[PDB]
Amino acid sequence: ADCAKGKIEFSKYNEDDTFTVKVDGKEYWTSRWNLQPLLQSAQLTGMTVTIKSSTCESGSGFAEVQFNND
């Protein structure tokens, strides 16, 4: 499902080497290594992302994300 669309409010590198972003007031983690710099750059430029996941509650995991030009 498209769980959250908007700017990254913060990001966090985690001790288990996953990577968290907060989007639309909810936190999502990914273990996809390659997303880490891509998400941080989106964050620094205020680029809208769409987190896609099976569950959308804060604390859910994702392996899919769309980088939009909004």
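Numbering starts at 1 and runs along the sequence shown. What we label the rigid core is the largest C-alpha set whose atoms superpose within 1.5 Å from one form to the other.
Worksheet entry | Higher-deviation segment by CA RMS in 5 other deposited structures of this protein, core fitted, 48 to 56 or 19 to 27 | Between the two stretches, 48 to 56 moves farther in 5 other deposited structures of this protein.
Discussion item. Which third, lowest, middle or highest, does the C-alpha temperature factor of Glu15 belong to within its own chain?
Written reply: Highest third - that is where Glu15 ends up once the chain's C-alpha B-factors are sorted.
Fill in: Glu9 CA temperature factor, ranked by third within the chain
As the PDB entry reports it, the C-alpha B-factor of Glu9 lands in the middle third of its chain.
Worksheet entry | Chain-wide C-alpha B factor ranking for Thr45, given as lowest, middle or highest third | Middle third of the chain for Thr45's C-alpha B-factor.
Worksheet item: Taking the entry's C-alpha B-factors for this chain, is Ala63 in the lowest, middle or highest third?
Response: Middle third.
Item to complete: Select lowest, middle or highest to describe the third in which the CA B-factor of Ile51 falls within its chain in this entry.
Response: According to the entry, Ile51 has a C-alpha B-factor in the chain's lowest third.
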